[PDB]
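Taking the form deposited in one PDB entry, here's one chain by itself in structure tokens.
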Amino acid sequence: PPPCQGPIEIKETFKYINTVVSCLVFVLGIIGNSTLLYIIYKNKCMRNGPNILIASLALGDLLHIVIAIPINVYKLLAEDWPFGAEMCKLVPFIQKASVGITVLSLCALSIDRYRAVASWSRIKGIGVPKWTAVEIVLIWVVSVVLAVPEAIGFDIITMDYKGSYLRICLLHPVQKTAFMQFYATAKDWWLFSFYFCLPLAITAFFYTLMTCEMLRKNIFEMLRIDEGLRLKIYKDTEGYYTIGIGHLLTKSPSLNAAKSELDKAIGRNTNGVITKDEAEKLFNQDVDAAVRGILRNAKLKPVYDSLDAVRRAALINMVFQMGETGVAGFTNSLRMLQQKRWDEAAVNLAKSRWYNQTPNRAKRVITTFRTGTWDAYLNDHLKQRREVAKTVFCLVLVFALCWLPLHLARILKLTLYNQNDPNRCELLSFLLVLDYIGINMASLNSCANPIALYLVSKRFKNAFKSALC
């Protein structure tokens, strides 16, 4: 009710700069999303489950960029709504529909890639799964159903603002039904909770579970290269029957007794021969047993707790080769690892009999300590898992950054606007420029998805060059 020291306005200087920016986002978004959908359709090596979910993300962005920028550019320059009450209900409906398509396709992509880690065939993304089709139709149907309240609640207001005639397309303050009257109150929170907080929380959860399983496969490949994988029963250096990656079966001289120990451990009648997946499951149990002993060891626990995941694997590698006691004897090098003194620890470890007796394995483990990367064990499967993890990480990072300003501009309008203040009117003039910048940013997601795929996927980088040649 109290008056204000100025009229809510935007500088014409701003209107001309932002419009130029909005023109670039629109042209690059249409080209990037169309070519992205083109290379996924043309190339047959890219016609798989994960890319189909990317195409659903690309269409939702291509749909959003079409109904968001061209109408908010006009709303900026012309400052009026001349499209009738049908477009006033249709435009925000298609908008919230397209946005819901992208956040659910993102969520489905993170879930799909997490389930694919367990199988080498799935993480390569070969073929189209069965329920891929029915999942997309559910994503699009649920997206438009949740966008329905946006359609019915919008209408054209005709009011008098200081003697000026205004056609205002907006969400009507008073609604007939009681549910819709409630939707108009907390709509900005529903947009903030469901179209930003929930997809970021869901993707971050399944991405974390994915890389945790990727970590277990890195260690298995590390120990297979260093120690060796034996899929048939063999005798170790002491004559004891062993299988897999150094897994002792029994100290009995009876091969037949050792075979029954194997059958108990695998849950299968193996006749002395196991599969790689069974050796891996057996190895993952040996790691968990090894970690439990490390955490119960007073000399290895502080070092292990302070190390990152890659370097913890290098320490587990040493325990597999020498045992807890033999590793705890490296009292000085372990101290340097806990103080994060890599290069010094790398130099010190190279003086050991361990380095002198098995130099190839020792060099790899020391490099892992020095660098903290898997560069010493880079192999075919690690690269595939590395490319997958990069793909979904950038797509969710592009999403969170592009939709943060628009979502930020709406959540500070809810908590800082107080209609009783005399000077509150001109902070909306600052929210006016934020809400229009947030429209260019959210539309940049349509353009930044192809750029992200070009940089992290070698196949997308080559397919993009092919389409623009």
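Only the largest set of C-alpha atoms that superpose within 1.5 Å between the two forms is called the rigid core. Note that residue numbering follows the sequence shown and begins at 1.
Although it is not shown, the form deposited in another entry is what the next lines describe.
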Report the residue, chosen from 169, 123, 101, 109, for which the CA moves 2 Å or more between this form and the one not shown after the rigid core is overlaid. 123
For residue 144, decide whether the Cα shift between this form and the one not shown is 2 Å or greater, given a superposition on the rigid core. no
Rigid core fitted, is the C-alpha displacement of residue 227 between this form and the one not shown 2 Å or more? yes
By the 2 angstroms cut-off, has the C-alpha of residue 72 moved between this form and the one not shown once the rigid core is superposed? no
